[PDB]
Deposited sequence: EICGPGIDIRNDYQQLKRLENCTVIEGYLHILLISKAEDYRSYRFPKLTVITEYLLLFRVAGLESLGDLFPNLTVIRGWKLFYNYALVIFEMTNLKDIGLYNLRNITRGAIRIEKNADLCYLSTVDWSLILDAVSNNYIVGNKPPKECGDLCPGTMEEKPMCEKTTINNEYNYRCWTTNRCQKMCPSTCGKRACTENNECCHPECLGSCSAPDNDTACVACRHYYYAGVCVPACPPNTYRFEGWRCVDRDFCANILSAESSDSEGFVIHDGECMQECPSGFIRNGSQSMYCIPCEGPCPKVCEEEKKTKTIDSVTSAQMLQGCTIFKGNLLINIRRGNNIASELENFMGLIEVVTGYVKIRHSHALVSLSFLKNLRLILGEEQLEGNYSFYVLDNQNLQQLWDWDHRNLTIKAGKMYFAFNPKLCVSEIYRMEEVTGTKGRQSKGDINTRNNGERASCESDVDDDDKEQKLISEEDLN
C-alpha cells in the first residue's frame, strides 16, 4: 500500500517494521542511527517498489546490504531531494554492497555514497543506466576496488553472465553483487522498460513490468498512476498529487479528515491537489479549495505572543517582514543608527495597518518614520494610558514623520502626544494632525512648543522643560 508522508525510522531496528505493508512510500524514507545485532536475524520488505522522493541511510551498522531490506525497490522518483541527492548512503558501517538489484531508475536528483569503509560492488554499477545526471554524483571514502576484489556472476568459474559497459574508460562487467548482475534491456526496446525475459514494456511503464506491451502491468509509472493504469496525464476531474498519481476532489477535500486542523485546508490549483496555494495566490474564501491571484503582496496578518512588539534594532524587525497588518502594538525604540532606514523598510515597509498604537521612544538612530512606507492606518484598538494612539518621546534626531504631501495616514481612534524631539518642527506635528483626522482630540500638553523643535530651524513656550511635562 501507499505509506506517507516521509517515514523517519531510527534508533531501533525494530522500527523497520513500520514498513511492512508499503508498496509505495509517498514521501521520503530516512533510516538513521540504528545498529542491527549480528545475533538477531533480519527483515526484508519485498513489497516496496517505489519511493516518491529520496532514500537516505545514515550511520547504520550491522546492515550488510540494502538489497537485504529492499530487494525490489525499483524507482526513487526524486520528486523532492535531500539537497540535490535522490539517494544518500553515509557512514554505513558493515555495508558490504548496495545490493539494490532491481533499482532501474532514479527519475530525479543524484546520489551520494560517502564514507562507507567496507562498501564494495560499487565500481561495478553503471549509474548512467539508472540516472541521467551522473556528473553530479558525489562518491568518496568507500572501500578501494583493489581491496574489494569484486567478481561479477560467472567471472570466477568461466561463464560471465553479466553485460559490459564502459565507465571512465574502463570496459567491464556490470553487477550489484557476486550473484547478481545489473539488469539491462534489449536495445530493440529503446528508451523503454522490459520484462525479466527482455520483452519491452509499454512506453508508460517505468522501471519494469510483468507483461510486455500492457500499461496495467507496470512496476511503476513514467508519469502518473491512475486506477490501475500508468497514464501519461491525469484524466478529467482527477488531479496530480505528490508528483505521481491522480486523485479526485473529494479525496483532496478529505485528506486531513483524520485530524483536527485549525489550518486552512488543501486546495486544487492548476490541476494539482496540493496543501497550499501557489506563492502569489490566496484562497478566495476561508477553506475554499480555489486559489486566486493576490494583485500585490498577498495579505498577511502578523500577530505575536505578546501584544507590544518592541523593535529595538533591525534584526528585531525581521518577523515584521512580509506583513500587511500588525495586530498588536509597535514600540519603536532604536538608538544605534548606522543607517537603518532602508534596512528597516525591507522589513516594515509593507505594513499598511497597525491595530493597536504606535510608540516611538528613544529612537535616536532615526530622522524620519518614512520606512513605514505602506502604513495607511492606525486603528487605536489599544492605547496608552491617556488615550494615546501615537506617542513620540525623547527622539534626538527625528526631523520628520512621513511626507505630508506624498503620503496619507489615519488614526481611527485615540490621540497623540509629542515630547522631547528637538529636531522636529511642530509644523510637521501640526500637519500630521490634519491628515490623520486626530485634529481636535488633543489636550495641549500633547503638542508642546517648549521641547519639540526647540533646536531646529522652523518658520510653556520659552522654557526647556516644565511642570506640564511632569504630567
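- Unmodelled segment of the deposited chain, and the only one: 460-466.
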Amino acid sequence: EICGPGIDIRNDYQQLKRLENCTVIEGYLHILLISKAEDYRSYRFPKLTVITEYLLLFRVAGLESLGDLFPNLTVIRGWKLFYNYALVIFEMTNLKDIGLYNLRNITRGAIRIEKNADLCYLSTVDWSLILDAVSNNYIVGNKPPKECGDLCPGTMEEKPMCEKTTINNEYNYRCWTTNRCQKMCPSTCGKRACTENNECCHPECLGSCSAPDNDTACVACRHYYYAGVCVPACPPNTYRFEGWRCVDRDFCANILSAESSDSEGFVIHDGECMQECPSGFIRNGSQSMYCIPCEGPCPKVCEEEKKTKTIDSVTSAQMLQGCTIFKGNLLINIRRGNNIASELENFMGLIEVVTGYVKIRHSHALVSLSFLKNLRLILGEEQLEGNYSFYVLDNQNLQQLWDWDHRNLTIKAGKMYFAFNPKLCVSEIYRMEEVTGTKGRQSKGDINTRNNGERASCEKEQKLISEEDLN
From here on, numbers count along this sequence of modelled residues.
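- For the pair 125-133 and 304-312, the record assigns the higher mean C-alpha temperature factor to 304-312.
- Looking at mean Cα B-factors across 352-360 and 191-199, the upper value is held by 191-199.
- Take 65, 427, 52, 421 and read off each C-alpha B-factor from the entry; 427 has the highest.
- By the numbers in the PDB entry, the CA B factor is greatest at 339 among 339, 169, 383, 216.
- Remark: residue 437 belongs to the highest third of its chain, ranked by C-alpha B-factor as recorded.
- Among the modelled residues of the chain, residue 409 sits in the highest third by CA temperature factor in this PDB entry.
- Sorting the modelled residues of the chain by their CA temperature factor places residue 70 in the lowest third.
- Residue-level temperature factors show residue 143 in the middle third of its chain, judged at the C-alpha atom.
- Sort the modelled residues of the chain by CA B factor and residue 106 lands in the lowest third.
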